[PDB]
Amino acid sequence: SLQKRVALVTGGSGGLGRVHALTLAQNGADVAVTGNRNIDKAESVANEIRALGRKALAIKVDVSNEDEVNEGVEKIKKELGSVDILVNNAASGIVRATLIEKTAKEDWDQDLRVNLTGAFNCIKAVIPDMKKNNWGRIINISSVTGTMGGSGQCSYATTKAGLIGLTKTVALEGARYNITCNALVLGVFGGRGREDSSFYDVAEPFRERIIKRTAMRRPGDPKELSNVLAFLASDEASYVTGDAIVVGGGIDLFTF
Amino acid sequence: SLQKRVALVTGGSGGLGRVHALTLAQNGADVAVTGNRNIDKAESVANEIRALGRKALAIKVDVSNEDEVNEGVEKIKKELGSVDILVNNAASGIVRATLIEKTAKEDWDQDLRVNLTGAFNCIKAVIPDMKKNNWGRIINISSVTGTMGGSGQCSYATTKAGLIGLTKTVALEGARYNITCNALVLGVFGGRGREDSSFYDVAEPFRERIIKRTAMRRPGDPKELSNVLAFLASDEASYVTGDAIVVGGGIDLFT
Ligand SMILES: NC(=O)c1ccc[n+]([C@@H]2O[C@H](COP(=O)([O-])OP(=O)(O)OC[C@H]3O[C@@H](n4cnc5c(N)ncnc54)[C@H](OP(=O)(O)O)[C@@H]3O)[C@@H](O)[C@H]2O)c1
Ligand SMILES: NC(=O)c1ccc[n+]([C@@H]2O[C@H](COP(=O)([O-])OP(=O)(O)OC[C@H]3O[C@@H](n4cnc5c(N)ncnc54)[C@H](OP(=O)(O)O)[C@@H]3O)[C@@H](O)[C@H]2O)c1
């Protein structure tokens, strides 16, 4: 159980981040979710968490902004208690499709602020209370695009790979505090549609082709990702740290 | 033989970058190097290239400034010809020793702008002509801190890891034009002192512990890295792309 633990899932307002929040809630956690451009969708997830019988808080955070992150975490600490479980799920530039030389510097810059500096801000905010409490779980969200590359996705491949480096440094700083830090290296996820997964911003016939590159010949359910995350977030995962764990249904193997 | 090739070594003003530029020249390349804080050191490096009887050009570039980068590449093209070989060797935050919670946003943001946006801006400027000339070599400089972490180095480990992701995407986009893109994953390097390596910014007690955790029980000579970089830059390395090649004397093994 994650009973008596408080979770912050950045990008909790919808997609996979929402299923992360509900999964952490179902397993006993009280959960905060962020919203940026969807603070209303965040509040609605918080009400789904409350309907499960847990405490919840929707806060409005652009994770690139250290003032909004710090204010948000301090708000969680007052209302729920210090963050025990951090999920850096918020991402920009998930489905860009532009060669590097046609990629706009301001798109690159935003992707790096959200995907890297977002994780840096949130980790900096929560880790002092995790150390003080001698317990912590930080889960960073990477992609096989980060470990295998992706044509037309220079910022996403850079930021998702960068998060593995960040994971390993933070695993080192946190180790002697029972703070683990791990990266989930995601394949592709389905669910009901765009509300559940950014995969649906990819043209259906390109998705069918990516699915045929998975050994399981199907995109993952959001739950198949959230359940790995929930195990890593448990006390029982105390000797797993600094790993890049692939949740990709064989997308990263030599599939025919 | 790199005869009839134009190389750009970012941070060729000193350290390993200087030896990179010098080694590529010895191998026959016309070599542009950058300076930012040390344009005079960069002009000095260009003159050492000329002593080898090659063409050179110091250019004053902050690789984070795309304007500065675009002009610099424009300037190289006119004087030397289109860049065939890009070495993204310029780095900020190389020897931070600050836990993440005590690390300042401004130091983080600068490290990211230089180590990631630098590589982006330079690749952005040179790749159109590499594609036009149907040939190209991009060498990104990573670090075992990127693949194994390092306490108090959140920006360095983040950026050095991110350069491997960037390598793989550029390898996929460049492959059909005989443009390879590869990362060198460095251990630690000695040489003459602070002149040849930013290893010497690390306190001597810490350097001895790091050295004893290399299987070869010694830092690398800068040349031992530059020679791997030179081979990847050759026509013969044409089937090697998107790899993270470790040059680190067993620092990444269970020593
Ligand atoms: N779906 C997949 O198959 C897949 C595959 C590989 C990796 N991933 C990773 O999984 C994570 C979630 O992807 P997804 O499909 O759920 O994406 P999504 O449906 O597009 O949701 C993106 C989420 O990020 C939030 N967000 C974006 N920019 C933000 C910012 N600056 N500050 C704070 N929150 C911000 C959004 O909140 P608002 O809407 O309120 O702005 C939203 O909750 C990402 O890290 C992604 O890289 C997804
Ligand atoms: N030395 C090692 O043992 C070691 C270990 C692992 C990795 N590395 C990697 O090897 C590379 C070179 O290291 P080094 O020892 O030569 O470092 P160094 O001695 O500190 O040299 C740093 C270089 O970066 C340049 N630079 C910094 N910021 C710049 C910017 N914004 N725009 C343009 N140029 C900029 C400097 O130019 P100015 O002097 O003109 O300001 C200088 O030439 C780096 O990528 C580093 O991460 C080195």
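Residue numbers begin at 1 in each chain, while the letters A, B, ... track the order of the sequences. Below, all heavy atoms of this structure are taken into account, side chains as well, without hydrogens, waters or symmetry copies.
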In terms of heavy-atom proximity below 4.5 Å to chain A, should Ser64(B) be classed as side chain, backbone, both, or neither?
backbone
Atom group of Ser155(B) that falls short of 4.5 Å from chain A, counting heavy atoms:
neither
Toward chain A, the part of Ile100(B) with a non-hydrogen atom under 4.5 Å:
both
Measure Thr159(B) against the heavy atoms of chain A and call it side chain, backbone, both or neither at under 4.5 Å.
neither
Just checking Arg37(B): does its CZ atom have more than 12 heavy atoms from other residues, nucleotides or ligands closer to it than 6.0 angstrom?
no
Contact part of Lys160(B) toward chain A, heavy-atom cut-off under 4.5 Å: side chain, backbone, both or neither?
neither
Check whether more than 12 heavy atoms from other residues, nucleotides or ligands sit under 6.0 Å from atom CZ of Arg213(B), and answer yes or no.
no
Do other residues, nucleotides or ligands put more than 12 heavy atoms under 6.0 Å from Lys60(B) NZ?
no
To the closest 0.5 Å, what do you measure between CD (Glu173(B)) and NZ (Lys102(A))?
12.0 Å
Is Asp109(B) close to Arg113(A) at the side-chain level, that is, under 4.5 Å between some pair of heavy atoms?
no
Measuring from atom CZ of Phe120(B) to atom OG1 of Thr103(A), what distance do you get when rounded to the nearest 0.5 angstrom?
5.0 Å
Taking every non-hydrogen pair under 4.5 Å, which of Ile127(B), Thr117(B), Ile164(B) racks up the most with chain A?
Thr117(B)
Give a yes or no on this: more than 12 heavy atoms of other residues, nucleotides or ligands lie within 6.0 Å of atom CZ of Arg96(A).
yes
One should read off an interatomic distance between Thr169(B) OG1 and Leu99(A) CG, to the nearest 0.5 angstrom, of 10.5 Å
So with a 6.0 Å cut-off around CD of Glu204(A), is the heavy-atom count from everything else above 12?
yes
Option that, when pairs with chain B are counted at under 4.5 Å, heavy atom only, ranks first among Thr158(A), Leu172(A), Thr147(A), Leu112(A):
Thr158(A)
Can you tell me which portion of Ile123(B) sits under 4.5 Å from chain A's heavy atoms? Options are side chain, backbone, both or neither.
side chain
So which of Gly152(A), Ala125(A), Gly242(A), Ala244(A) has the largest heavy-atom pair count under 4.5 angstrom toward chain B?
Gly152(A)
Using the rule salt bridge (charged side-chain N to carboxylate O under 4.0 Å, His left out), only one of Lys131(A), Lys132(A), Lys124(A) pairs with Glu101(B); which is it?
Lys131(A)
With respect to chain B, which residue among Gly146(A), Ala175(A), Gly150(A) yields the maximal number of heavy-atom pairs within a distance under 4.5 Å?
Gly150(A)
Does a side-chain heavy-atom distance below 4.5 Å link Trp108(A) with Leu116(B)?
yes
Given that the side chain runs from C-beta out, which part of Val126(B) has a heavy atom under 4.5 Å from chain A: side chain, backbone, both or neither?
neither
